[PDB]
């Protein structure tokens, strides 16, 4: 039922770049690009929460061909234009390292993607993943805890739930539950998809709550920079109350490291009612209601 491995690394789909647009506004940190690919001429289909592989050109330091890197799909199954013809990614350029020659390290696949030109042919594999799927139940509550590019699967869920053209295309999914996105980024210009996220909250105030953790602009009560874990702590009792509902799903996505703080916050909330969060969470994971993709 769920499409998986329609294309594999030995014989990838060759897609064409339609557009490559910047998501970090002036004054932000780093480069994150929204890249849309043309799927016509192949049979790549996918659903919300899945990933695709991209195989970048070139060889590694040992002269071996570069292998695929996975990227969370950032578009709904219908693509950004709701035409079933495209797929989009949300790609951050990876960079790092200290003063030792050569000092500048640029990630191979992310540099390739973030600098890619419209018209370029790209090797795509997948789709893959069954851990980040959105329930078919339109009355589900959906908690979304994202940092940076971890917004990608959240965009797929939220667009499907709330975009006019999506609602028109999906007669069997008219979302009437409650969704809450807690989104951590360093600056306001780094709020990926800010305008569209805020448009959704304005239009659906009873079905969508938007909470930011902006590290360079906000401080937690302890005086440290504000991170997602701090917002989860701030709203721990509330989030726990929602998690107790049999129909609530929670999604966590982004660079590894935020899970520990999230668990600590929820553990303290649950303990007040005699619940050991780590046990409850194991049961949630087994039930398919606790969804994590960190990298």
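Residue numbers count along the first chain shown, from 1.
Asks: If you average the CA temperature factors over each stretch, which comes out higher, 56-64 or 25-33?
Replies: Here the higher of the two C-alpha B-factor means belongs to 56-64.
Asks: Comparing 186-194 with 221-229, where is the mean C-alpha B-factor higher?
Replies: Per the PDB entry, the higher value belongs to 221-229.
Asks: Looking at 212, 159, 173, 112, which has the biggest Cα B factor in the entry?
Replies: The listed residue with the largest C-alpha B-factor is 173.
Asks: When the CA B-factors of 90, 181, 108, 169 are compared as recorded in the entry, which is the largest?
Replies: Going by the entry's C-alpha B-factors, 169 comes out highest.
Asks: Which third, lowest, middle or highest, does the CA B-factor of residue 134 fall in along this chain?
Replies: As the PDB entry reports it, the C-alpha B-factor of residue 134 lands in the middle third of its chain.
Asks: In terms of the chain's CA B-factor thirds, is residue 18 lowest, middle or highest?
Replies: CA B-factor rank for residue 18: lowest third.
Asks: For the chain shown, is the CA B-factor of residue 84 in the lowest, middle or highest third of its modelled residues?
Replies: Middle third, going by the recorded CA B-factors of the chain.
Asks: Rank-wise, by C-alpha B-factor, drop residue 258 into the lowest, middle or highest third of its chain.
Replies: Its C-alpha B-factor, which the entry lists for residue 258, ranks in the highest third among residues of this chain.
Asks: Taking the values exactly as deposited, rank residue 104 by C-alpha B-factor within its chain and report the matching third: lowest, middle or highest.
Replies: Answer is highest: the recorded C-alpha B-factor places it there.
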